[PDB]
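K.L.:
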Amino acid sequence: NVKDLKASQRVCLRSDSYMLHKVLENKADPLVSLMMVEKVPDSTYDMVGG
Amino acid sequence: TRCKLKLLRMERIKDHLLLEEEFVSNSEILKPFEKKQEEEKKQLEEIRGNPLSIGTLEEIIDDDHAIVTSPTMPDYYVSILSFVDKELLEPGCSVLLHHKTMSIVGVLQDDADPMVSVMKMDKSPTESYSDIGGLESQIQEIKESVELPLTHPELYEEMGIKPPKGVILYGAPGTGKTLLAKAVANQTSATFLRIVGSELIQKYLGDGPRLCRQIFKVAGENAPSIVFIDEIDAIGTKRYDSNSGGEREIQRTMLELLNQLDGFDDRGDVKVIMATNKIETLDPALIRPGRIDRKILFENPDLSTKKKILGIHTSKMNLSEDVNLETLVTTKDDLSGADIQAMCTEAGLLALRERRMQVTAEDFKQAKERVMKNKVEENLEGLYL
Amino acid sequence: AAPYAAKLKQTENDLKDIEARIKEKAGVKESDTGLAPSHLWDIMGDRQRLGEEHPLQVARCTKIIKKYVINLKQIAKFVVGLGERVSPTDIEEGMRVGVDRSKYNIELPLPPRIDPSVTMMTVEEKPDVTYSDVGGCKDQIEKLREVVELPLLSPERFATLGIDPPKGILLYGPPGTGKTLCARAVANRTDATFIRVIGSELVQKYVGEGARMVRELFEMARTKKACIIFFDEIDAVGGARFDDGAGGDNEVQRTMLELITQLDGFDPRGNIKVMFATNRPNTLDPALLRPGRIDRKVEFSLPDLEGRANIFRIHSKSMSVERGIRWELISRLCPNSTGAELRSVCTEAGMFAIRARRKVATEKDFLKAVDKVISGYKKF
Amino acid sequence: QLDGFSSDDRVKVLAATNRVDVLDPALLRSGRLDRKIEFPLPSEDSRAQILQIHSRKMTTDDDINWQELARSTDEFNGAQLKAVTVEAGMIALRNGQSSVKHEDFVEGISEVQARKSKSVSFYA
Ligand SMILES: Nc1ncnc2c1ncn2[C@@H]1O[C@H](COP(=O)(O)OP(=O)(O)OP(=O)(O)O)[C@@H](O)[C@H]1O
Ligand SMILES: [Mg+2]
Ligand SMILES: [Mg+2]
């Protein structure tokens, strides 16, 4: 309902009706896309250490 | 300190009280559904099948038909049926049309775009007035243009002079220019619009000029207002080059804003805060006084100014009362207020390496060496010959 | 110390919950415009909604072949016919038509084009300014009277001399010269209509959409009698070419071109004056500047000392001033500059007096305002 | 398609352009436009005639010396020249005389010039 909804929240819709399905937190952003290429940053301090 | 505590006690009994009141008050049982409401309701569901595909009302012809463009390339010669008055509708209004057959079922839009919401940033200024350690003299030039007609219209009216249009803030970063901007904003409690000028630099066709028009509309609607065109020079004198598709856009955006800043006449009820680093060595694009009036150059902090800023910071520190405050500020040449801010932050960081929770008497005399040396390197002044 | 830390922690939670509770307040109550007696309208409206005659899909005749060949806006062509009875003589190339969703027949011819309506919003009628309170005694003020008023008031003299009636004036001057101010004053006095066009606003482009608007607006003018068409800021878009660039652009050459050809060669006019506002003639394409487009050019000349005392006096009247104040002395100290610079000096003199806590501005105030503005301009 | 000897004679083509250096390169290949005509600067003779065309419209004033006007002007094309003509008559409209004088005209050149008319000078 209108209560739950928040401004600027991305939403799913069913068919050509456009009834609300689910809210999507889900957002396409370039920073997120850059992280996926990047993955979990490796590695221990000591190796760098000198 | 204490002054702040006194306020907490009141704020926490206001919220509580309100929240409880609210249940009843909103309704929860009140449930207006008497004849006036019921009418509206019944009708609205019947007429409106949904979804409803919005239009823009291009013209009226008096015979309760209108010509609208829908989002579809075919436009549609529509009936006006039901709800919204014919008079109330003036051309250029955005309108709700019914999906089965396109008919004017009302308006609730008023050319609502997401762009206006984004810009709209009245939200809690982080600054109150004179939390800042800045000097009375600099702020009481901005205040004179912006505050003084709203608080005392008597003097301006009596003189007969027009209220000023705009100021330009330029310094010198680390004079707390944007701090100054949100000090002013708090006092006026005006609708405080903000837009950054780089959002008006795009390869996209003609979008810059469209955005420029929006800004004047927004301010007027939500008047009295302050419009912060922050980095005005992004559009203007500052560059994004023209061997990048910029031989189209940048020209059109610069001209467009320029043309609306003069207008058919100065509005004289929309205040502007124009930010730019300085337009001394840059080209000027802020087109003469009377549309920007008083222009404000913030001094580079002198010895007495930084005393006041310094006093804020020393309060939290313990063992800086034995340290003589006066001698730290003097010994350093006259430099940014940012550099005293930098020093306080470094000072604490440095105490921790010595292993003392808050600064030692020694730590403060030491702090000055690291910050002065770093900053003088960063920014080198002409050497006397 | 510590028991008063936890007073801050509590405070914060509360303030946040109150803000969300606003949504709950607004409630679910729905009500729409149409008060007093326009909800009783809605009862009629219901049966006609179910009724069918609305919408009509809108298309445009592109050729009449004695049925008609219509072209829709989605771009798709049909041969159609008359509906109830639609006279042949009503449907013309460019004329819009109302046709049914899917039975595809003309009901009503509709007036040609939807594009005038869009651009008629920009258009402003005969602005009014009083020529007497027009600052300066400028030479420029006088040559405007020759161009605009004299052919409208007395076309006889022009015929007799066997000169062409002047119709074109090009206004250019530094900003604050008063280009907009003087054009509004002569619009009023001559009692001729006015058409506001702003060329900076043109952005609707599909390779030559900007050219459609410009032809229609200029044509609107011809239809009108005793009128002014004032194209504002044609420094860019219908001003400078952007061909010069590496990748370059020519949507601006379309708009520019169209205007040149309407001006150049035979083409009727209904006493159309052409006013052009460029900040600098330099930016203006040379094609336009050189003659056979706009007849006259005047370089604005910054107001004389007599004209600068004159603007100051206009301001000083609005002000509360000292008796025996030397307007002329203030003016002489001041640079030879626009009416603008002079407007600003009176603005700051007012304010320093207010600060100093005076209601009547002294001579001395305007000595201060002057010192302020000189320095500003210089430093840049 | 005009090439041949039958197609050239019926269908004829004129074309107008200002800058000639911005064209398509396949146009400078072959004889796409079979004749290229550069306009020369106007001469004295050319100026003196164009003035006459404009002046006929106006009242004939034999005080006009077409020769004197033409000698001081250098490189005024047809449109430029008509600007001069209209100006001499505009002074005379203010004056009230239907007559235009040769004097009005010599002054009237210098508004069409870059310079404003009779610019102030220290000696005279
Ligand atoms: N003749 C004058 N008398 C008094 N003030 C003047 C005069 N002319 C112009 N000004 C002042 O200059 C400012 C702008 O005038 P106006 O809007 O006509 O400018 P413009 O030269 O057309 O500029 P733009 O380049 O912005 O299109 C105003 O503050 C106005 O009061
Ligand atoms: Mg800042
Ligand atoms: Mg203007």
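Residue numbers (UniProt numbering), protein chains in the order written: chain A, 103 to 152; chain B, 53 to 437; chain C, 42 to 107, 144 to 457; chain D, 311 to 434. By construction, the Cβ of each residue, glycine as well, lies at the ideal position given by its N, Cα and C atoms.
Using a Cβ-Cβ cutoff of 7 angstroms, what residues of the region 93-114 of chain B are near chain A? List them in chain order.
P.N.:
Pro103
K.L.:
Whole angstroms are fine: how far does the CA of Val157 of chain B sit from the CA of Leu96 of chain B?
P.N.:
9 angstroms
K.L.:
Going along the chain, which residues of the region 116-134 of chain A sit with their C-beta nearer than 8 angstroms to a C-beta in chain B?
P.N.:
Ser119, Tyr120
K.L.:
Between the C-alpha atoms of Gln190 of chain B and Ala286 of chain B, what's the straight-line distance to the nearest angstrom?
P.N.:
In this model, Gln190 of chain B and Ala286 of chain B are separated by some 25 angstroms (Cα to Cα).
K.L.:
According to a CB-to-CB cut-off of less than 8 angstroms, which residues of the region 232-254 of chain C neighbour chain D?
P.N.:
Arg234, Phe235, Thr237, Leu238, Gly239, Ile240, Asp241, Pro243
K.L.:
If you draw a straight line from the C-alpha of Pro126 of chain B to the C-alpha of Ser421 of chain C, how long is it?
P.N.:
52 angstroms
K.L.:
Near ligand 3, which residues have their beta-carbon less than 6 angstroms from any of its heavy atoms, given in chain order?
P.N.:
B:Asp314, C:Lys256, C:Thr257, C:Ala354
K.L.:
State the DSSP-derived secondary structure class of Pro251 of chain C, mapped to helix, strand or coil.
P.N.:
coil
K.L.:
Report yes if the C-beta of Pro353 of chain B is less than 7 angstroms from at least one heavy atom of ligand 2; otherwise report no.
P.N.:
no
K.L.:
Check each residue of the region 314-325 of chain C: if its Cβ is closer than 9 angstroms to any Cβ of chain B, include it; give the result in chain order.
P.N.:
Cβ contacts with chain B: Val314, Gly316, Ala317, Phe319, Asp320, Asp321, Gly322, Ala323, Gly324, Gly325.
K.L.:
Taking 8 angstroms as the CB-CB cut-off, is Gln330 of chain C touching chain B?
P.N.:
no
K.L.:
Please name the residue in B:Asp137, B:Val136, B:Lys175, B:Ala118 whose C-alpha comes closest to that of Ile191 of chain C.
P.N.:
B:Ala118
K.L.:
Interface residues of chain C around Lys105 of chain A at Cβ under 8 angstroms?
P.N.:
Those within 8 angstroms of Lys105 of chain A in chain C are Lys64, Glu65.
K.L.:
Taking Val430 of chain D as the query, report the chain C residues whose CB atoms sit under 9 angstroms from its CB, ordered along the chain.
P.N.:
Within 9 angstroms Cβ-Cβ: nothing; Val430 of chain D doesn't reach chain C, min ~12 angstroms.
K.L.:
For the region 376-403 of chain C, which residues have a CB atom closer than 7 angstroms to at least one CB atom of chain D, in sequence order?
P.N.:
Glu376
K.L.:
Return yes when the Cβ of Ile105 of chain C is within less than 8 angstroms of the Cβ of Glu184 of chain C, no when it is not.
P.N.:
Their beta carbons are not under 8 angstroms apart, which means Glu184 of chain C does not touch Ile105 of chain C by this criterion.
K.L.:
Note the first and the last residue of the continuous alpha helix (DSSP H) segment covering residue 480 of chain C.
P.N.:
Shown here, chain C extends from 42 to 457; a query on residue 480 of chain C therefore has no answer.
K.L.:
Within 7 angstroms: the Cβ of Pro225 of chain B and any heavy atom of ligand 2?
P.N.:
Yes, since a heavy atom of ligand 2 falls inside the 7 angstroms radius drawn around the Cβ of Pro225 of chain B.
K.L.:
Compile a chain-ordered list of the residues in the region 337-361 of chain D whose CB is closer than 7 angstroms to at least one CB of chain C.
P.N.:
none
K.L.:
At 9 angstroms on the CB atoms, spell out the chain B contacts of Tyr45 of chain C, in chain order.
P.N.:
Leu57, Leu60
K.L.:
Please report the residue range of the alpha helix (DSSP H) in which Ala46 of chain C lies.
P.N.:
46-67
K.L.:
Comparing the C-beta of residue 278 of chain D with each C-beta of chain C, is any distance below 8 angstroms?
P.N.:
This structure does not reach residue 278 of chain D, given that chain D is present from 311 up to 434, and the question cannot be answered.
K.L.:
For chain C, is any of its Cβ atoms less than 8 angstroms away from the one on residue 41 of chain B?
P.N.:
There is simply no residue 41 of chain B to check, as chain B begins at 53 and stops at 437 in what is shown.
K.L.:
Quick check on the burial criterion: 16 or more other C-beta atoms within 10 angstroms. Buried or exposed for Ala61 of chain C?
P.N.:
exposed
K.L.:
How long is the line joining the alpha carbons of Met400 of chain D and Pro232 of chain C, rounded to whole angstroms?
P.N.:
Taking the straight line from one Cα to the other gives about 13 angstroms.
K.L.:
Taking 7 angstroms as the cut-off, is the CB of residue 27 of chain C close to at least one heavy atom of ligand 1?
P.N.:
This structure gives no information on residue 27 of chain C, because the portion of chain C shown stretches from 42 to 457.
K.L.:
So for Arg100 of chain B, helix, strand or coil by DSSP?
P.N.:
coil
K.L.:
Looking at the strands, I want to know which residues DSSP matches up with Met326 of chain B.
P.N.:
B:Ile220, B:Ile281
K.L.:
Closest Cβ-Cβ distance between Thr103 of chain C and chain B: below 8 angstroms?
P.N.:
The beta carbon of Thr103 of chain C sits no closer than 8 angstroms to any beta carbon of chain B.
K.L.:
Under the criterion of a Cβ to heavy atom distance below 7 angstroms, does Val211 of chain C qualify as lining ligand 1?
P.N.:
yes
K.L.:
Cα-Cα, which of D:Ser317, D:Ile419, D:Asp319 is closest to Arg381 of chain D?
P.N.:
D:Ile419
K.L.:
Can you find a heavy atom of ligand 1 that lies under 7 angstroms from the Cβ of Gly342 of chain C?
P.N.:
No, ligand 1 has no heavy atom inside 7 angstroms of this Cβ.
K.L.:
Is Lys449 of chain C closer than 8 angstroms to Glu418 of chain C when the C-beta atoms are compared?
P.N.:
no
K.L.:
Along the region 154-175 of chain B, where does the CB come closer than 9 angstroms to a CB of chain C? Name the residues.
P.N.:
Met154, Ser155, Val157, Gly158, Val159, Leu160
K.L.:
Assuming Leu245 of chain B and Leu232 of chain B form a contact by the criterion Cβ under 8 angstroms, report the distance between their Cβ atoms to the nearest whole angstrom.
P.N.:
Not really, about 17 angstroms apart at Cβ, beyond 8 angstroms.
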